[PDB]
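> Structure provided below as structure tokens; questions to follow.
Reconstructed Cβ throughout: ideal geometry from the backbone, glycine too, with neighbour counts over all protein chains shown. Each answer follows from the model by the rule given with it, or from the source it names; none is laboratory data.
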Amino acid sequence: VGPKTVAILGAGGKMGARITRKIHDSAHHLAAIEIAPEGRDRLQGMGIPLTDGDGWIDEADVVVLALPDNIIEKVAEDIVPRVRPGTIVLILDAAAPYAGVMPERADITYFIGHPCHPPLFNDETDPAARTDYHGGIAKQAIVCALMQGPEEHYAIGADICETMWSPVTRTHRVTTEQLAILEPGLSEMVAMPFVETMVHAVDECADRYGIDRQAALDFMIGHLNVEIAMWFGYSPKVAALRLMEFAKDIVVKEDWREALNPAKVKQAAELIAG
Amino acid sequence: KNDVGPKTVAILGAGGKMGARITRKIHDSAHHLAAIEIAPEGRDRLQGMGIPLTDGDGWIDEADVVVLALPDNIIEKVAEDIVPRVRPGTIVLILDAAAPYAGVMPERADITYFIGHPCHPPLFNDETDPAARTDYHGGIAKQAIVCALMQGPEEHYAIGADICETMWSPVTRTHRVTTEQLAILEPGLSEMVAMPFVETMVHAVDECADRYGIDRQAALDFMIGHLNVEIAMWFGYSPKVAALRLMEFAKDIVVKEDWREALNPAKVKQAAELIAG
């Protein structure tokens, strides 16, 4: 994939500075779009030229929307009609896309990417990588979808994501719907509530049953290690059935799979993409 | 280091999968070991580790501590056999709160019951030895443990703790709790709360692949990466950062509103009974 001119909107912000550095350092040509004074100082401090005006728009092969979900619709509504035909509009979350709020414009490409984040039970040795739970230092896989546009644009978008989120091990191609099922579905509708419940369970031990919080925490954090490892095949497994049945009946809704149902996922998406 | 002197420690089922690791720890320690194992495969295992086999019954009169390294479903039977035979003041050490909390331990006032259980090494750690990094159970990687004096003289807590710290070394912290509190932790927190969560996470990956056509490695990579970042953020290993603004929405769908009942002593006792048989 040739070097592309990649414009990043919100380049100097929280969501953008990291990926902007990665593009800056890559062979791809960067256009850092940022109107926040603090973001601009951040870009300047990275030796990145600031942009003024819109001359950039006519130069951008790829436009990355490094902005929060609740403003993606408005920002896209403004930028999508302004780009040249065949421009790749790259979204970093499937919510707005799956919600159906992206502007109608057939002659441009919409590409969605999202990181998996570095895995558990990795063998990273660099301490900076060991404490990298999001990515950009530790290795991670990513997921990508060509929402619309010519097939040849998939490789292009994938390459840009691989640069932004490096080091990337595997790039998994999925459909728009599949990407939405993973996020928000799997990530926010399945994993997140359960993770929060684990914290609250620690709190219950401490608040209601008088257990030292550090004892409950130590117990939980160690058990998550052994249990996740066993259940996901990193370690061998060891009344279990009856016991599991008994427990699920108390803690897990029988129709928990609804959290991954496209209908429910689309509702969630619509809610996120305001 | 504890100011507990060497003790004679008999381990029942010493050559089994459970037993062999802990028996090696005691063997290598300053404590005096009596490895009790009747199964031929278990005896062979100990022999292979250079650990002597302790035959006959003379050991009973020498044992300060008797460790029940046996599965929960036979603890009642094993204790019924051994508890009446030990000298007064012997510490009978159980490695799981299930049978104790189920109420199946034989009644004998003039002996000590001590319960210990490992926390297991923590999910996020600083281990560098590769065998430590893939030690999810304990014995290589550092871990905390939990202990309870179920019955007996106060002075025996230190002794039981020392034995557990030796069996499950390296141990960083030893948390003292009551019998009921330990039961709330396990089977409560470990098996009534965490386990169904974890199984659900695996089955959610399965749903992605089986029902929605997602390559299983893709779904797995996504799940395992998200567990990394979400557990880290929620448990304060990483800064806590739409996603949230959706939580009530999701909770309602996956988690039972009265899920706390899983830690209710009444339900925990039912789980314990199930486990102990």
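> Those residues that are touching a strand residue (DSSP E or B) at 6+ places or on another chain (Cβ under 8 Å) and of a type in the set (S, T, Y), I need them from region A:129-164; list them, please.
So in region A:129-164, the residues touching a strand residue (DSSP E or B) at 6+ places or on another chain (Cβ under 8 Å) come out as A:134-135, A:139-150, A:153-154, A:156-158, A:160-162, A:164.
Within region A:129-164, just A:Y154 meets the criteria.
> Tell me yes or no: at least one residue of region A:202-209 is part of a loop (DSSP other than H, G, I, E, B), farther than 25 Å from B:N73 by Cβ, in contact with a strand residue (DSSP E or B) (Cβ under 8 Å, 6 or more places away or on another chain) and assigned by CATH to the domain that holds A:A259. Please lay out each step first, then the result.
First, pick out the residues of region A:202-209 that are part of a loop (DSSP other than H, G, I, E, B): A:208-209.
The next check asks that each one be farther than 25 Å from B:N73 by Cβ; those that pass are A:208-209.
Those still in the list that are in contact with a strand residue (DSSP E or B) (Cβ under 8 Å, 6 or more places away or on another chain) too: none.
Looking for residues that are part of a loop (DSSP other than H, G, I, E, B), farther than 25 Å from B:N73 by Cβ, in contact with a strand residue (DSSP E or B) (Cβ under 8 Å, 6 or more places away or on another chain) and assigned by CATH to the domain that holds A:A259, one finds none in region A:202-209, hence no.
> Need at least 2 residues that are aliphatic (A, V, I, L, M) and either in contact with a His (Cβ under 8 Å, 6 or more places away or on another chain) or more than 27 Å from A:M189 (Cα to Cα) (or both) per element, so show me which strands (runs of 3 or more DSSP E) inside region A:62-117 make the cut, counting only ones lying wholly within it. Steps first, please.
On the way: elements: A:62-65, A:88-91, A:109-115.
Result: A:62-65.
> Okay, next question. Quick check on B:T134: is it surrounded by fewer than 23 Cβ atoms within 10 Å (Cβ to Cβ), within 26 Å of B:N2 (Cα to Cα) and among the hydroxyl-bearing types (S, T, Y)?
Details: surrounded by fewer than 23 Cβ atoms within 10 Å (Cβ to Cβ): yes; within 26 Å of B:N2 (Cα to Cα): no; among the hydroxyl-bearing types (S, T, Y): yes.
The answer is no for B:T134.
> Still on this structure, I have one more. Filter region B:244-277 down to the residues that are crowded, with 18+ Cβ neighbours inside 10 Å and part of a loop (DSSP other than H, G, I, E, B), then identify the one that is farthest from the other protein chains (Cβ to nearest Cβ).
That would be B:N264.
> Would region B:147-156 turn up any residue that is surrounded by 23 or more Cβ atoms within 10 Å (Cβ to Cβ), in a strand (DSSP E or B) and in contact with a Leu (Cβ under 6 Å, 6 or more places away or on another chain)?
yes
> Scan region A:112-131 for residues that are at negative phi and crowded, with 21+ Cβ neighbours inside 10 Å and report the count.
First pass over region A:112-131, keeping only residues at negative phi: A:112-116, A:118-120, A:122-131.
Remaining after also requiring crowded, with 21+ Cβ neighbours inside 10 Å: A:112-116, A:118-120.
Summing the residues that are at negative phi and crowded, with 21+ Cβ neighbours inside 10 Å in region A:112-131 gives 8.
> Checking the condition surrounded by 14 or more Cβ atoms within 10 Å (Cβ to Cβ), of a type in the set (D, E, K, R) and farther than 21 Å from A:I137 by Cβ, which residue from A:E59, A:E38, A:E34 passes?
Numbers: A:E59 fails: surrounded by 14 or more Cβ atoms within 10 Å (Cβ to Cβ); A:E38 fails: surrounded by 14 or more Cβ atoms within 10 Å (Cβ to Cβ).
One residue alone meets the criteria, A:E34.
> Test B:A232 against the criterion of being part of a helix (DSSP H, G or I), under 18 Å from A:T197 (Cα atoms) and out of contact with any helix residue (DSSP H, G or I) (no Cβ under 7 Å at 6 or more places or on another chain), and give yes or no. First the steps, then the outcome.
Values: part of a helix (DSSP H, G or I): yes; under 18 Å from A:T197 (Cα atoms): yes; out of contact with any helix residue (DSSP H, G or I) (no Cβ under 7 Å at 6 or more places or on another chain): yes.
Judged against the criteria, B:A232 is a match.
> Residue check: is A:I23 in the same structural domain as A:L92 (by CATH), more than 21 Å from A:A106 (Cα to Cα), surrounded by 20 or more Cβ atoms within 10 Å (Cβ to Cβ) and touching a helix residue (DSSP H, G or I) at 6+ places or on another chain (Cβ under 7 Å)? Let's see the steps before the verdict.
On the way: in the same structural domain as A:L92 (by CATH): yes; more than 21 Å from A:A106 (Cα to Cα): yes; surrounded by 20 or more Cβ atoms within 10 Å (Cβ to Cβ): yes; touching a helix residue (DSSP H, G or I) at 6+ places or on another chain (Cβ under 7 Å): yes.
So A:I23 fits the description; yes.
> Another question about this same structure. When the residues of region B:165-220 are filtered to those that are of a type in the set (V, I, T) and facing chain A (nearest Cβ under 7 Å), which remaining residue is surrounded by the fewest Cβ atoms within 10 Å (Cβ to Cβ)? Walk me through how you get there before you give the answer.
Initial filter on region B:165-220 (of a type in the set (V, I, T)): B:166, B:171-172, B:174, B:177-179, B:184, B:193, B:198, B:200, B:202, B:205, B:214.
Going one step further and asking which of them are facing chain A (nearest Cβ under 7 Å), we end up with B:177, B:184, B:193, B:198, B:200, B:202, B:214.
Working: B:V177: 25, B:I184: 29, B:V193: 28, B:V198: 22, B:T200: 23, B:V202: 16, B:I214: 26.
The residue in question is B:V202.
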